[PDB]
file structure.pdb (PDB, N, CA and C atoms (P, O5', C5', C4', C3', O3' and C1' of nucleotides))
MODEL        1
ATOM      1  N   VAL A   1     -10.934 -12.887   2.714
ATOM      2  CA  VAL A   1     -11.684 -12.315   1.575
ATOM      3  C   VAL A   1     -10.760 -11.638   0.569
ATOM      4  N   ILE A   2     -11.236 -11.468  -0.666
ATOM      5  CA  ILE A   2     -10.464 -10.814  -1.714
ATOM      6  C   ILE A   2     -10.347  -9.320  -1.422
ATOM      7  N   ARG A   3      -9.169  -8.745  -1.680
ATOM      8  CA  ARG A   3      -8.917  -7.332  -1.436
ATOM      9  C   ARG A   3      -7.722  -6.857  -2.258
ATOM     10  N   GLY A   4      -7.545  -5.535  -2.334
ATOM     11  CA  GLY A   4      -6.424  -4.899  -3.013
ATOM     12  C   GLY A   4      -5.149  -5.054  -2.178
ATOM     13  N   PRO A   5      -4.495  -3.938  -1.820
ATOM     14  CA  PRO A   5      -3.367  -3.931  -0.908
ATOM     15  C   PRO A   5      -3.859  -4.216   0.517
ATOM     16  N   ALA A   6      -3.032  -3.904   1.523
ATOM     17  CA  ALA A   6      -3.346  -4.168   2.924
ATOM     18  C   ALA A   6      -4.525  -3.324   3.435
ATOM     19  N   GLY A   7      -5.204  -2.593   2.546
ATOM     20  CA  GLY A   7      -6.367  -1.791   2.902
ATOM     21  C   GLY A   7      -7.589  -2.678   3.129
ATOM     22  N   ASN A   8      -7.577  -3.449   4.221
ATOM     23  CA  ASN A   8      -8.641  -4.392   4.543
ATOM     24  C   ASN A   8      -9.848  -3.704   5.192
ATOM     25  N   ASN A   9      -9.789  -2.380   5.370
ATOM     26  CA  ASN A   9     -10.863  -1.634   6.014
ATOM     27  C   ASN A   9     -12.116  -1.626   5.134
ATOM     28  N   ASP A  10     -13.287  -1.497   5.763
ATOM     29  CA  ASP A  10     -14.568  -1.490   5.063
ATOM     30  C   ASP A  10     -14.900  -0.129   4.448
ATOM     31  N   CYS A  11     -13.977   0.832   4.564
ATOM     32  CA  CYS A  11     -14.172   2.184   4.053
ATOM     33  C   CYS A  11     -13.958   2.256   2.537
ATOM     34  N   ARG A  12     -13.707   1.111   1.892
ATOM     35  CA  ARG A  12     -13.407   1.078   0.467
ATOM     36  C   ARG A  12     -14.656   1.061  -0.404
ATOM     37  N   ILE A  13     -14.524   1.643  -1.599
ATOM     38  CA  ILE A  13     -15.549   1.613  -2.637
ATOM     39  C   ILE A  13     -14.875   1.433  -3.992
ATOM     40  N   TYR A  14     -15.696   1.272  -5.031
ATOM     41  CA  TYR A  14     -15.238   1.038  -6.393
ATOM     42  C   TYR A  14     -15.448   2.214  -7.344
ATOM     43  N   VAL A  15     -14.571   2.331  -8.343
ATOM     44  CA  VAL A  15     -14.646   3.395  -9.333
ATOM     45  C   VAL A  15     -14.379   2.840 -10.725
ATOM     46  N   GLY A  16     -15.097   3.355 -11.726
ATOM     47  CA  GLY A  16     -14.966   2.891 -13.094
ATOM     48  C   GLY A  16     -15.333   3.992 -14.087
ATOM     49  N   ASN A  17     -15.235   3.672 -15.379
ATOM     50  CA  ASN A  17     -15.429   4.625 -16.465
ATOM     51  C   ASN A  17     -14.482   5.819 -16.318
ATOM     52  N   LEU A  18     -13.237   5.560 -15.904
ATOM     53  CA  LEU A  18     -12.242   6.607 -15.738
ATOM     54  C   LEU A  18     -12.003   7.311 -17.079
ATOM     55  N   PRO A  19     -11.858   8.643 -17.059
ATOM     56  CA  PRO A  19     -11.663   9.444 -18.253
ATOM     57  C   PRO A  19     -10.273   9.203 -18.851
ATOM     58  N   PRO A  20     -10.095   9.524 -20.143
ATOM     59  CA  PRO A  20      -8.841   9.337 -20.863
ATOM     60  C   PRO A  20      -7.682  10.156 -20.284
ATOM     61  N   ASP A  21      -7.955  11.014 -19.300
ATOM     62  CA  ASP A  21      -6.945  11.883 -18.704
ATOM     63  C   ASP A  21      -6.924  11.801 -17.179
ATOM     64  N   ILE A  22      -7.378  10.670 -16.630
ATOM     65  CA  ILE A  22      -7.381  10.444 -15.191
ATOM     66  C   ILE A  22      -5.960  10.575 -14.632
ATOM     67  N   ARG A  23      -5.844  10.990 -13.367
ATOM     68  CA  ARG A  23      -4.557  11.206 -12.724
ATOM     69  C   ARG A  23      -4.635  10.781 -11.260
ATOM     70  N   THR A  24      -3.535  10.246 -10.729
ATOM     71  CA  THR A  24      -3.482   9.767  -9.352
ATOM     72  C   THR A  24      -3.752  10.842  -8.308
ATOM     73  N   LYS A  25      -3.465  12.103  -8.648
ATOM     74  CA  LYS A  25      -3.638  13.214  -7.726
ATOM     75  C   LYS A  25      -5.101  13.666  -7.688
ATOM     76  N   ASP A  26      -5.885  13.311  -8.708
ATOM     77  CA  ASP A  26      -7.270  13.753  -8.793
ATOM     78  C   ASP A  26      -8.125  13.193  -7.658
ATOM     79  N   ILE A  27      -7.753  12.019  -7.142
ATOM     80  CA  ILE A  27      -8.459  11.405  -6.024
ATOM     81  C   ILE A  27      -8.045  12.084  -4.719
ATOM     82  N   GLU A  28      -6.860  12.704  -4.708
ATOM     83  CA  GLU A  28      -6.364  13.405  -3.527
ATOM     84  C   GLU A  28      -6.871  14.848  -3.498
ATOM     85  N   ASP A  29      -7.454  15.314  -4.606
ATOM     86  CA  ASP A  29      -8.029  16.648  -4.678
ATOM     87  C   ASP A  29      -9.550  16.651  -4.542
ATOM     88  N   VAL A  30     -10.242  16.071  -5.526
ATOM     89  CA  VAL A  30     -11.698  16.114  -5.569
ATOM     90  C   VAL A  30     -12.302  15.185  -4.529
ATOM     91  N   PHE A  31     -11.908  13.908  -4.545
ATOM     92  CA  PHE A  31     -12.450  12.949  -3.602
ATOM     93  C   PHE A  31     -12.003  13.187  -2.162
ATOM     94  N   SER A  32     -10.887  13.900  -1.986
ATOM     95  CA  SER A  32     -10.417  14.268  -0.660
ATOM     96  C   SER A  32     -11.287  15.384  -0.086
ATOM     97  N   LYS A  33     -11.807  16.262  -0.950
ATOM     98  CA  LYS A  33     -12.738  17.292  -0.517
ATOM     99  C   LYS A  33     -14.064  16.652  -0.102
ATOM    100  N   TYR A  34     -14.406  15.515  -0.720
ATOM    101  CA  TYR A  34     -15.615  14.771  -0.383
ATOM    102  C   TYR A  34     -15.521  13.832   0.819
ATOM    103  N   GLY A  35     -14.313  13.424   1.232
ATOM    104  CA  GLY A  35     -14.211  12.458   2.320
ATOM    105  C   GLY A  35     -12.786  12.149   2.769
ATOM    106  N   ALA A  36     -11.824  13.031   2.473
ATOM    107  CA  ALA A  36     -10.453  12.900   2.954
ATOM    108  C   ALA A  36      -9.910  11.482   2.739
ATOM    109  N   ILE A  37      -9.870  11.041   1.476
ATOM    110  CA  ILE A  37      -9.395   9.715   1.099
ATOM    111  C   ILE A  37      -8.099   9.356   1.824
ATOM    112  N   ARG A  38      -8.046   8.144   2.385
ATOM    113  CA  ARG A  38      -6.860   7.649   3.068
ATOM    114  C   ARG A  38      -5.891   6.988   2.092
ATOM    115  N   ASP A  39      -6.421   6.275   1.094
ATOM    116  CA  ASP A  39      -5.609   5.531   0.141
ATOM    117  C   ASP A  39      -6.205   5.443  -1.260
ATOM    118  N   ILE A  40      -5.326   5.358  -2.262
ATOM    119  CA  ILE A  40      -5.696   5.197  -3.657
ATOM    120  C   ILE A  40      -5.319   3.784  -4.084
ATOM    121  N   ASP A  41      -6.062   3.213  -5.033
ATOM    122  CA  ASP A  41      -5.776   1.879  -5.516
ATOM    123  C   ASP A  41      -6.160   1.766  -6.991
ATOM    124  N   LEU A  42      -5.475   2.523  -7.852
ATOM    125  CA  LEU A  42      -5.690   2.424  -9.290
ATOM    126  C   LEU A  42      -5.301   1.034  -9.779
ATOM    127  N   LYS A  43      -6.120   0.470 -10.673
ATOM    128  CA  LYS A  43      -5.887  -0.823 -11.283
ATOM    129  C   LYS A  43      -6.045  -0.718 -12.796
ATOM    130  N   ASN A  44      -5.343   0.250 -13.394
ATOM    131  CA  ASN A  44      -5.285   0.402 -14.837
ATOM    132  C   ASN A  44      -4.266  -0.573 -15.437
ATOM    133  N   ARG A  45      -3.698  -1.446 -14.597
ATOM    134  CA  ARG A  45      -2.692  -2.420 -15.000
ATOM    135  C   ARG A  45      -3.241  -3.340 -16.093
ATOM    136  N   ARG A  46      -2.350  -3.833 -16.958
ATOM    137  CA  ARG A  46      -2.712  -4.720 -18.057
ATOM    138  C   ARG A  46      -3.226  -6.061 -17.532
ATOM    139  N   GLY A  47      -3.780  -6.880 -18.433
ATOM    140  CA  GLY A  47      -4.328  -8.185 -18.088
ATOM    141  C   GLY A  47      -5.834  -8.105 -17.836
ATOM    142  N   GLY A  48      -6.406  -6.902 -17.918
ATOM    143  CA  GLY A  48      -7.831  -6.693 -17.726
ATOM    144  C   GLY A  48      -8.203  -5.238 -17.991
ATOM    145  N   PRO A  49      -9.501  -4.914 -17.938
ATOM    146  CA  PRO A  49     -10.003  -3.569 -18.141
ATOM    147  C   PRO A  49      -9.564  -2.667 -16.990
ATOM    148  N   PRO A  50      -9.343  -1.373 -17.266
ATOM    149  CA  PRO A  50      -8.923  -0.410 -16.267
ATOM    150  C   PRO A  50     -10.061  -0.111 -15.302
ATOM    151  N   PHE A  51      -9.739  -0.016 -14.011
ATOM    152  CA  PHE A  51     -10.704   0.349 -12.976
ATOM    153  C   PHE A  51      -9.880   0.680 -11.732
ATOM    154  N   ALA A  52     -10.542   1.018 -10.621
ATOM    155  CA  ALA A  52      -9.828   1.389  -9.410
ATOM    156  C   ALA A  52     -10.687   1.218  -8.161
ATOM    157  N   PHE A  53     -10.024   1.264  -7.000
ATOM    158  CA  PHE A  53     -10.670   1.310  -5.701
ATOM    159  C   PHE A  53     -10.249   2.562  -4.936
ATOM    160  N   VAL A  54     -11.066   2.980  -3.968
ATOM    161  CA  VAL A  54     -10.802   4.183  -3.190
ATOM    162  C   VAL A  54     -11.143   3.897  -1.735
ATOM    163  N   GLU A  55     -10.290   4.346  -0.809
ATOM    164  CA  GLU A  55     -10.472   4.081   0.612
ATOM    165  C   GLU A  55     -10.685   5.382   1.385
ATOM    166  N   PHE A  56     -11.888   5.545   1.944
ATOM    167  CA  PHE A  56     -12.299   6.753   2.647
ATOM    168  C   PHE A  56     -11.845   6.866   4.100
ATOM    169  N   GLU A  57     -12.008   8.059   4.680
ATOM    170  CA  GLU A  57     -11.737   8.285   6.094
ATOM    171  C   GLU A  57     -12.711   7.471   6.946
ATOM    172  N   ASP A  58     -13.954   7.339   6.477
ATOM    173  CA  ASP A  58     -14.973   6.519   7.117
ATOM    174  C   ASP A  58     -16.075   6.160   6.115
ATOM    175  N   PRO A  59     -16.896   5.145   6.417
ATOM    176  CA  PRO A  59     -17.967   4.701   5.539
ATOM    177  C   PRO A  59     -19.032   5.777   5.333
ATOM    178  N   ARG A  60     -19.080   6.786   6.213
ATOM    179  CA  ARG A  60     -20.115   7.810   6.161
ATOM    180  C   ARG A  60     -19.808   8.836   5.071
ATOM    181  N   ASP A  61     -18.538   9.231   4.936
ATOM    182  CA  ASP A  61     -18.134  10.183   3.912
ATOM    183  C   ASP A  61     -18.167   9.576   2.512
ATOM    184  N   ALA A  62     -18.048   8.248   2.427
ATOM    185  CA  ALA A  62     -18.073   7.558   1.150
ATOM    186  C   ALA A  62     -19.458   7.658   0.517
ATOM    187  N   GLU A  63     -20.504   7.767   1.339
ATOM    188  CA  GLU A  63     -21.870   7.857   0.843
ATOM    189  C   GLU A  63     -22.094   9.190   0.131
ATOM    190  N   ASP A  64     -21.443  10.254   0.606
ATOM    191  CA  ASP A  64     -21.564  11.566  -0.009
ATOM    192  C   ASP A  64     -20.809  11.666  -1.330
ATOM    193  N   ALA A  65     -19.674  10.972  -1.434
ATOM    194  CA  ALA A  65     -18.895  10.934  -2.662
ATOM    195  C   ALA A  65     -19.591  10.056  -3.700
ATOM    196  N   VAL A  66     -20.277   9.002  -3.245
ATOM    197  CA  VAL A  66     -20.992   8.103  -4.134
ATOM    198  C   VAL A  66     -22.210   8.847  -4.677
ATOM    199  N   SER A  67     -22.942   9.542  -3.803
ATOM    200  CA  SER A  67     -24.146  10.252  -4.199
ATOM    201  C   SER A  67     -23.818  11.466  -5.074
ATOM    202  N   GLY A  68     -22.553  11.906  -5.070
ATOM    203  CA  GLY A  68     -22.157  13.123  -5.764
ATOM    204  C   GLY A  68     -21.440  12.869  -7.091
ATOM    205  N   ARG A  69     -21.085  11.618  -7.405
ATOM    206  CA  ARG A  69     -20.299  11.330  -8.604
ATOM    207  C   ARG A  69     -20.750  10.062  -9.332
ATOM    208  N   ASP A  70     -21.594   9.236  -8.710
ATOM    209  CA  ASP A  70     -22.005   7.981  -9.320
ATOM    210  C   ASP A  70     -23.043   8.241 -10.410
ATOM    211  N   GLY A  71     -23.014   7.424 -11.465
ATOM    212  CA  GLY A  71     -24.039   7.434 -12.494
ATOM    213  C   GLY A  71     -24.124   8.782 -13.207
ATOM    214  N   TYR A  72     -22.982   9.416 -13.489
ATOM    215  CA  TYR A  72     -22.964  10.751 -14.063
ATOM    216  C   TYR A  72     -22.829  10.757 -15.580
ATOM    217  N   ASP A  73     -23.694  11.525 -16.240
ATOM    218  CA  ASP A  73     -23.733  11.634 -17.690
ATOM    219  C   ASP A  73     -22.430  12.184 -18.270
ATOM    220  N   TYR A  74     -21.645  11.298 -18.885
ATOM    221  CA  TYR A  74     -20.395  11.645 -19.537
ATOM    222  C   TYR A  74     -20.480  11.459 -21.051
ATOM    223  N   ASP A  75     -19.477  11.944 -21.784
ATOM    224  CA  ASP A  75     -19.455  11.842 -23.232
ATOM    225  C   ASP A  75     -19.460  10.385 -23.709
ATOM    226  N   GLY A  76     -20.640   9.881 -24.085
ATOM    227  CA  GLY A  76     -20.805   8.535 -24.616
ATOM    228  C   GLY A  76     -20.825   7.465 -23.519
ATOM    229  N   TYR A  77     -20.589   7.855 -22.261
ATOM    230  CA  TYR A  77     -20.548   6.923 -21.142
ATOM    231  C   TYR A  77     -21.186   7.488 -19.870
ATOM    232  N   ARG A  78     -21.025   6.770 -18.752
ATOM    233  CA  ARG A  78     -21.609   7.142 -17.469
ATOM    234  C   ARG A  78     -20.673   6.697 -16.349
ATOM    235  N   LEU A  79     -20.335   7.620 -15.446
ATOM    236  CA  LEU A  79     -19.363   7.367 -14.385
ATOM    237  C   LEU A  79     -19.879   6.283 -13.446
ATOM    238  N   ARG A  80     -18.955   5.494 -12.896
ATOM    239  CA  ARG A  80     -19.279   4.474 -11.907
ATOM    240  C   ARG A  80     -18.549   4.807 -10.615
ATOM    241  N   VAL A  81     -19.309   5.019  -9.537
ATOM    242  CA  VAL A  81     -18.753   5.318  -8.225
ATOM    243  C   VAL A  81     -19.626   4.697  -7.140
ATOM    244  N   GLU A  82     -19.461   3.399  -6.897
ATOM    245  CA  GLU A  82     -20.257   2.686  -5.905
ATOM    246  C   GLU A  82     -19.457   1.542  -5.288
ATOM    247  N   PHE A  83     -19.877   1.092  -4.104
ATOM    248  CA  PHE A  83     -19.226  -0.015  -3.419
ATOM    249  C   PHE A  83     -19.514  -1.389  -4.029
ATOM    250  N   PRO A  84     -18.625  -2.371  -3.813
ATOM    251  CA  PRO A  84     -18.814  -3.741  -4.256
ATOM    252  C   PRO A  84     -20.111  -4.338  -3.709
TER     253      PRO A  84
ATOM    254  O5'   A B   1     -23.200  -3.317 -16.580
ATOM    255  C5'   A B   1     -21.931  -3.099 -16.000
ATOM    256  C4'   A B   1     -21.682  -1.598 -15.844
ATOM    257  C3'   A B   1     -20.248  -1.350 -15.391
ATOM    258  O3'   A B   1     -19.851  -0.035 -15.727
ATOM    259  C1'   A B   1     -21.830  -1.254 -13.565
ATOM    260  P     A B   2     -19.358   0.346 -17.212
ATOM    261  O5'   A B   2     -17.803  -0.081 -17.201
ATOM    262  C5'   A B   2     -17.406  -1.387 -17.574
ATOM    263  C4'   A B   2     -15.962  -1.643 -17.144
ATOM    264  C3'   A B   2     -15.766  -1.273 -15.670
ATOM    265  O3'   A B   2     -14.985  -2.252 -15.017
ATOM    266  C1'   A B   2     -14.198  -0.157 -17.041
ATOM    267  P     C B   3     -15.550  -3.747 -14.806
ATOM    268  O5'   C B   3     -15.078  -4.118 -13.312
ATOM    269  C5'   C B   3     -13.702  -4.212 -12.994
ATOM    270  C4'   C B   3     -13.510  -4.852 -11.619
ATOM    271  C3'   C B   3     -14.180  -6.228 -11.561
ATOM    272  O3'   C B   3     -13.336  -7.168 -10.926
ATOM    273  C1'   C B   3     -14.922  -4.848  -9.799
ATOM    274  P     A B   4     -12.023  -7.740 -11.664
ATOM    275  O5'   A B   4     -10.808  -7.276 -10.703
ATOM    276  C5'   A B   4     -10.541  -7.956  -9.490
ATOM    277  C4'   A B   4      -9.082  -7.730  -9.086
ATOM    278  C3'   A B   4      -8.528  -8.986  -8.413
ATOM    279  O3'   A B   4      -7.151  -9.134  -8.695
ATOM    280  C1'   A B   4      -8.872  -7.194  -6.837
ATOM    281  P     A B   5      -6.671  -9.724 -10.118
ATOM    282  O5'   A B   5      -5.469  -8.739 -10.537
ATOM    283  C5'   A B   5      -4.126  -9.137 -10.367
ATOM    284  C4'   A B   5      -3.162  -8.055 -10.864
ATOM    285  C3'   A B   5      -3.384  -6.739 -10.136
ATOM    286  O3'   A B   5      -2.150  -6.061 -10.035
ATOM    287  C1'   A B   5      -4.166  -6.657 -12.422
ATOM    288  P     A B   6      -1.860  -5.068  -8.802
ATOM    289  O5'   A B   6      -1.703  -6.104  -7.579
ATOM    290  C5'   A B   6      -0.618  -7.012  -7.536
ATOM    291  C4'   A B   6      -0.842  -8.097  -6.481
ATOM    292  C3'   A B   6      -2.274  -8.645  -6.537
ATOM    293  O3'   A B   6      -2.288 -10.003  -6.929
ATOM    294  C1'   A B   6      -1.860  -7.423  -4.520
TER     295        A B   6
ENDMDL
END
call {"tool": "encode", "arguments": {"input": "structure.pdb", "output": "structure tokens"}}
result
Amino acid sequence: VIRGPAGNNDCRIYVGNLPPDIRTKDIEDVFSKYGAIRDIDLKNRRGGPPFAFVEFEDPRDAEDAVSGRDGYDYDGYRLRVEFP
RNA sequence: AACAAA
């Protein structure tokens, strides 16, 4: 199946509508408080639109981070935090 | 849904 790096675990979810000031450490701070993220997978790389993946400690903690940050009213946009 | 750009 299609995947990012060697993070083949099912603990992964998707993230989008990243703010103009997103930072790699922000997933290790906020999302780590929500589920102790094991791995980051930013894909702001060229050749397509910026987006990212996130790999949780377990599928159970990912539900709390999704319910706490998904579909959030932002300036002119709305945060995306849900699984594929 | 800013969904593999490994």
call {"tool": "closest_residue", "arguments": {"input": "structure.pdb", "among": "A:11, A:2, A:54, A:37", "to": "chain B", "atoms": "only N, CA and C atoms (P, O5', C5', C4', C3', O3' and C1' of nucleotides)"}}
result
A:2
call {"tool": "select_by_dssp", "arguments": {"input": "structure.pdb", "residues": "chain A", "states": "strand (DSSP E)", "output": "tab-separated table (two decimals) with N, CA and C atoms, keeping the file's coordinate frame"}}
result
chain	number	residue	atom	x	y	z
A	12	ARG	N	-13.71	1.11	1.89
A	12	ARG	CA	-13.41	1.08	0.47
A	12	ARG	C	-14.66	1.06	-0.40
A	13	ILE	N	-14.52	1.64	-1.60
A	13	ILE	CA	-15.55	1.61	-2.64
A	13	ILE	C	-14.88	1.43	-3.99
A	14	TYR	N	-15.70	1.27	-5.03
A	14	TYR	CA	-15.24	1.04	-6.39
A	14	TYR	C	-15.45	2.21	-7.34
A	15	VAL	N	-14.57	2.33	-8.34
A	15	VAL	CA	-14.65	3.40	-9.33
A	15	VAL	C	-14.38	2.84	-10.72
A	16	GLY	N	-15.10	3.36	-11.73
A	16	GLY	CA	-14.97	2.89	-13.09
A	16	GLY	C	-15.33	3.99	-14.09
A	39	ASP	N	-6.42	6.28	1.09
A	39	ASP	CA	-5.61	5.53	0.14
A	39	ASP	C	-6.20	5.44	-1.26
A	40	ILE	N	-5.33	5.36	-2.26
A	40	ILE	CA	-5.70	5.20	-3.66
A	40	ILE	C	-5.32	3.78	-4.08
A	41	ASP	N	-6.06	3.21	-5.03
A	41	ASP	CA	-5.78	1.88	-5.52
A	41	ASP	C	-6.16	1.77	-6.99
A	42	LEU	N	-5.48	2.52	-7.85
A	42	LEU	CA	-5.69	2.42	-9.29
A	42	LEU	C	-5.30	1.03	-9.78
A	43	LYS	N	-6.12	0.47	-10.67
A	43	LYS	CA	-5.89	-0.82	-11.28
A	43	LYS	C	-6.04	-0.72	-12.80
A	51	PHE	N	-9.74	-0.02	-14.01
A	51	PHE	CA	-10.70	0.35	-12.98
A	51	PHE	C	-9.88	0.68	-11.73
A	52	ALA	N	-10.54	1.02	-10.62
A	52	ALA	CA	-9.83	1.39	-9.41
A	52	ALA	C	-10.69	1.22	-8.16
A	53	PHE	N	-10.02	1.26	-7.00
A	53	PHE	CA	-10.67	1.31	-5.70
A	53	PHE	C	-10.25	2.56	-4.94
A	54	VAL	N	-11.07	2.98	-3.97
A	54	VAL	CA	-10.80	4.18	-3.19
A	54	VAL	C	-11.14	3.90	-1.74
A	55	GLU	N	-10.29	4.35	-0.81
A	55	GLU	CA	-10.47	4.08	0.61
A	55	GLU	C	-10.68	5.38	1.38
A	73	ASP	N	-23.69	11.52	-16.24
A	73	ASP	CA	-23.73	11.63	-17.69
A	73	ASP	C	-22.43	12.18	-18.27
A	74	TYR	N	-21.64	11.30	-18.89
A	74	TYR	CA	-20.40	11.64	-19.54
A	74	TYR	C	-20.48	11.46	-21.05
A	77	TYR	N	-20.59	7.86	-22.26
A	77	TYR	CA	-20.55	6.92	-21.14
A	77	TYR	C	-21.19	7.49	-19.87
A	78	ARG	N	-21.02	6.77	-18.75
A	78	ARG	CA	-21.61	7.14	-17.47
A	78	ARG	C	-20.67	6.70	-16.35
A	80	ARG	N	-18.95	5.49	-12.90
A	80	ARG	CA	-19.28	4.47	-11.91
A	80	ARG	C	-18.55	4.81	-10.62
A	81	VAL	N	-19.31	5.02	-9.54
A	81	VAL	CA	-18.75	5.32	-8.22
A	81	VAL	C	-19.63	4.70	-7.14
A	82	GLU	N	-19.46	3.40	-6.90
A	82	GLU	CA	-20.26	2.69	-5.90
A	82	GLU	C	-19.46	1.54	-5.29
call {"tool": "interface_residues", "arguments": {"input": "structure.pdb", "of": "chain A", "to": "chain B", "cutoff": "7 Å", "atoms": "all atoms listed in the file", "output": "CSV table (one decimal) with N, CA and C atoms, in the frame of the given file"}}
result
chain,number,residue,atom,x,y,z
A,2,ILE,N,-11.2,-11.5,-0.7
A,2,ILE,CA,-10.5,-10.8,-1.7
A,2,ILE,C,-10.3,-9.3,-1.4
A,3,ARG,N,-9.2,-8.7,-1.7
A,3,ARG,CA,-8.9,-7.3,-1.4
A,3,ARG,C,-7.7,-6.9,-2.3
A,4,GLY,N,-7.5,-5.5,-2.3
A,4,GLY,CA,-6.4,-4.9,-3.0
A,4,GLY,C,-5.1,-5.1,-2.2
A,5,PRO,N,-4.5,-3.9,-1.8
A,5,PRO,CA,-3.4,-3.9,-0.9
A,5,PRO,C,-3.9,-4.2,0.5
A,14,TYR,N,-15.7,1.3,-5.0
A,14,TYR,CA,-15.2,1.0,-6.4
A,14,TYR,C,-15.4,2.2,-7.3
A,15,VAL,N,-14.6,2.3,-8.3
A,15,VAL,CA,-14.6,3.4,-9.3
A,15,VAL,C,-14.4,2.8,-10.7
A,16,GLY,N,-15.1,3.4,-11.7
A,16,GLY,CA,-15.0,2.9,-13.1
A,16,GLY,C,-15.3,4.0,-14.1
A,17,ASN,N,-15.2,3.7,-15.4
A,17,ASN,CA,-15.4,4.6,-16.5
A,17,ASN,C,-14.5,5.8,-16.3
A,18,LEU,N,-13.2,5.6,-15.9
A,18,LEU,CA,-12.2,6.6,-15.7
A,18,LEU,C,-12.0,7.3,-17.1
A,43,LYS,N,-6.1,0.5,-10.7
A,43,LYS,CA,-5.9,-0.8,-11.3
A,43,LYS,C,-6.0,-0.7,-12.8
A,44,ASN,N,-5.3,0.2,-13.4
A,44,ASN,CA,-5.3,0.4,-14.8
A,44,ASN,C,-4.3,-0.6,-15.4
A,45,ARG,N,-3.7,-1.4,-14.6
A,45,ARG,CA,-2.7,-2.4,-15.0
A,45,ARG,C,-3.2,-3.3,-16.1
A,46,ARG,N,-2.4,-3.8,-17.0
A,46,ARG,CA,-2.7,-4.7,-18.1
A,46,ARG,C,-3.2,-6.1,-17.5
A,47,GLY,N,-3.8,-6.9,-18.4
A,47,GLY,CA,-4.3,-8.2,-18.1
A,47,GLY,C,-5.8,-8.1,-17.8
A,48,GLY,N,-6.4,-6.9,-17.9
A,48,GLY,CA,-7.8,-6.7,-17.7
A,48,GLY,C,-8.2,-5.2,-18.0
A,49,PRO,N,-9.5,-4.9,-17.9
A,49,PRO,CA,-10.0,-3.6,-18.1
A,49,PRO,C,-9.6,-2.7,-17.0
A,50,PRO,N,-9.3,-1.4,-17.3
A,50,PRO,CA,-8.9,-0.4,-16.3
A,50,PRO,C,-10.1,-0.1,-15.3
A,51,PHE,N,-9.7,0.0,-14.0
A,51,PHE,CA,-10.7,0.3,-13.0
A,51,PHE,C,-9.9,0.7,-11.7
A,52,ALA,N,-10.5,1.0,-10.6
A,52,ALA,CA,-9.8,1.4,-9.4
A,52,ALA,C,-10.7,1.2,-8.2
A,78,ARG,N,-21.0,6.8,-18.8
A,78,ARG,CA,-21.6,7.1,-17.5
A,78,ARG,C,-20.7,6.7,-16.3
A,79,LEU,N,-20.3,7.6,-15.4
A,79,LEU,CA,-19.4,7.4,-14.4
A,79,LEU,C,-19.9,6.3,-13.4
A,80,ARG,N,-19.0,5.5,-12.9
A,80,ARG,CA,-19.3,4.5,-11.9
A,80,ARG,C,-18.5,4.8,-10.6
A,84,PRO,N,-18.6,-2.4,-3.8
A,84,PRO,CA,-18.8,-3.7,-4.3
A,84,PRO,C,-20.1,-4.3,-3.7
call {"tool": "atom_distance", "arguments": {"input": "structure.pdb", "atom1": "atom CA of residue 59 of chain A", "atom2": "atom C of residue 10 of chain A"}}
result
5.8 Å
call {"tool": "select_by_dssp", "arguments": {"input": "structure.pdb", "residues": "chain A", "states": "helix (DSSP H, G or I)", "output": "VMD selection string"}}
result
chain A and resid 26 to 35 59 to 69
call {"tool": "residues_near_point", "arguments": {"input": "structure.pdb", "point": "(-15.0, 6.1, 4.2)", "cutoff": "8 Å", "atoms": "only C-alpha atoms (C1' of nucleotides)", "output": "MDAnalysis selection string"}}
result
chainID A and resid 10:12 35 37 55:63
call {"tool": "resolve_selection", "arguments": {"input": "structure.pdb", "expression": "the PyMOL selection byres (((chain A and resi 70 and name CA+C1') around 8) and name CA+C1')", "output": "PDB file with N, CA and C atoms, keeping the file's coordinate frame"}}
result
ATOM      1  N   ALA A  65     -19.674  10.972  -1.434  1.00  0.00           N
ATOM      2  CA  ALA A  65     -18.895  10.934  -2.662  1.00  0.00           C
ATOM      3  C   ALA A  65     -19.591  10.056  -3.700  1.00  0.00           C
ATOM      4  N   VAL A  66     -20.277   9.002  -3.245  1.00  0.00           N
ATOM      5  CA  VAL A  66     -20.992   8.103  -4.134  1.00  0.00           C
ATOM      6  C   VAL A  66     -22.210   8.847  -4.677  1.00  0.00           C
ATOM      7  N   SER A  67     -22.942   9.542  -3.803  1.00  0.00           N
ATOM      8  CA  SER A  67     -24.146  10.252  -4.199  1.00  0.00           C
ATOM      9  C   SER A  67     -23.818  11.466  -5.074  1.00  0.00           C
ATOM     10  N   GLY A  68     -22.553  11.906  -5.070  1.00  0.00           N
ATOM     11  CA  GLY A  68     -22.157  13.123  -5.764  1.00  0.00           C
ATOM     12  C   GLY A  68     -21.440  12.869  -7.091  1.00  0.00           C
ATOM     13  N   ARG A  69     -21.085  11.618  -7.405  1.00  0.00           N
ATOM     14  CA  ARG A  69     -20.299  11.330  -8.604  1.00  0.00           C
ATOM     15  C   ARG A  69     -20.750  10.062  -9.332  1.00  0.00           C
ATOM     16  N   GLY A  71     -23.014   7.424 -11.465  1.00  0.00           N
ATOM     17  CA  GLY A  71     -24.039   7.434 -12.494  1.00  0.00           C
ATOM     18  C   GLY A  71     -24.124   8.782 -13.207  1.00  0.00           C
ATOM     19  N   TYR A  72     -22.982   9.416 -13.489  1.00  0.00           N
ATOM     20  CA  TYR A  72     -22.964  10.751 -14.063  1.00  0.00           C
ATOM     21  C   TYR A  72     -22.829  10.757 -15.580  1.00  0.00           C
ATOM     22  N   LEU A  79     -20.335   7.620 -15.446  1.00  0.00           N
ATOM     23  CA  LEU A  79     -19.363   7.367 -14.385  1.00  0.00           C
ATOM     24  C   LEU A  79     -19.879   6.283 -13.446  1.00  0.00           C
ATOM     25  N   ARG A  80     -18.955   5.494 -12.896  1.00  0.00           N
ATOM     26  CA  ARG A  80     -19.279   4.474 -11.907  1.00  0.00           C
ATOM     27  C   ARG A  80     -18.549   4.807 -10.615  1.00  0.00           C
ATOM     28  N   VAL A  81     -19.309   5.019  -9.537  1.00  0.00           N
ATOM     29  CA  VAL A  81     -18.753   5.318  -8.225  1.00  0.00           C
ATOM     30  C   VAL A  81     -19.626   4.697  -7.140  1.00  0.00           C
ATOM     31  N   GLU A  82     -19.461   3.399  -6.897  1.00  0.00           N
ATOM     32  CA  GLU A  82     -20.257   2.686  -5.905  1.00  0.00           C
ATOM     33  C   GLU A  82     -19.457   1.542  -5.288  1.00  0.00           C
TER      34      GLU A  82
END
